[PDB]
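Worksheet: one structure, shown below.
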Amino acid sequence: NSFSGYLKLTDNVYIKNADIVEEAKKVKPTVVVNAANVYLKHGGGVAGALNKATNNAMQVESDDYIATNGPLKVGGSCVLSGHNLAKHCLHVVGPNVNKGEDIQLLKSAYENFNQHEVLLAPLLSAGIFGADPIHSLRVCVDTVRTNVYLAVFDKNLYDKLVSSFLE
Ligand SMILES: CNC(=O)c1cc2c(N[C@H](c3ccc4c(c3)S(=O)(=O)CCC4)C(C)C)ncnc2[nH]1
């Protein structure tokens, strides 16, 4: 968990302008969070990038999990192997507001992080999931009580988030 170059926002929330895939390779954290969907189909975005970095081993493991346990619920999670990226991957489903899912489930989604002492994570429900990224950061700060290192792969969004938080 040798995270470097993060800006500490609160006692337990740190943030960096970085690609989560590159952070996972450098740090090899105990837990990396995936921004998953309920069927664990890692077809693009953050989930697609993490799967590609495991040379599709994450997708094969995920399909086997789904066959045995069924889909996740929005706001839920499951712990699977981290493969070459981390000891474990915590697949968390945040709401996709562009598909009509309830923004209130973003609190339930971040609550899953509290079962792990230290995590490397993306900003849940941001990008094409349609949530307001400044609201996502506020929910993270208000809900996560363990140590979370957020990697946001966009300098423009990183600067807006830091400015909004320090207001
Ligand atoms: C090669 N790496 C990547 O493509 C990559 C993208 C990437 C990344 N993207 C951010 C992001 C955060 C949350 C979600 C999305 C996107 S999504 O559009 O995939 C839908 C799921 C939720 C945006 C906002 C900057 N944050 C952190 N490391 C990264 N790595």
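A note on labels: chains of the structure tokens are A, B, ... as shown, every chain counts residues from 1, and ligands are counted from 1 in their shown order.
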
Kindly compile the residues surrounding ligand 1 within 9 Å, counting only C-alpha atoms and all ligand atoms, and format them as number ranges by chain. A: 17-23, 34-37, 44-50, 52-53, 93-94, 96, 121-131, 133, 150-158

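Near residue A:83, within 7 Å and counting only C-alpha atoms, sit residues 54, 86 and 87 of chain A; same-chain residues fewer than 3 positions away were not included.
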
Check: What is the distance, in Å and to one decimal place, between atom CA of residue A:113 and atom CA of residue A:8?
Finding: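 Between these atoms lies a distance of 17.6 Å.
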
Q: Give the helix (DSSP H, G or I) residues of chain A, as DSSP finds them on the backbone, and put them as a PyMOL selection string.
A: chain A and resi 20-27+45-53+57-69+97-99+105-115+127-129+133-143+155-165

- Which residues, written as a PyMOL selection string, have at least one atom at most 6 Å from residue A:32, with only C-alpha atoms counted and residues fewer than 5 positions away on the same chain left out? chain A and resi 89+119-121
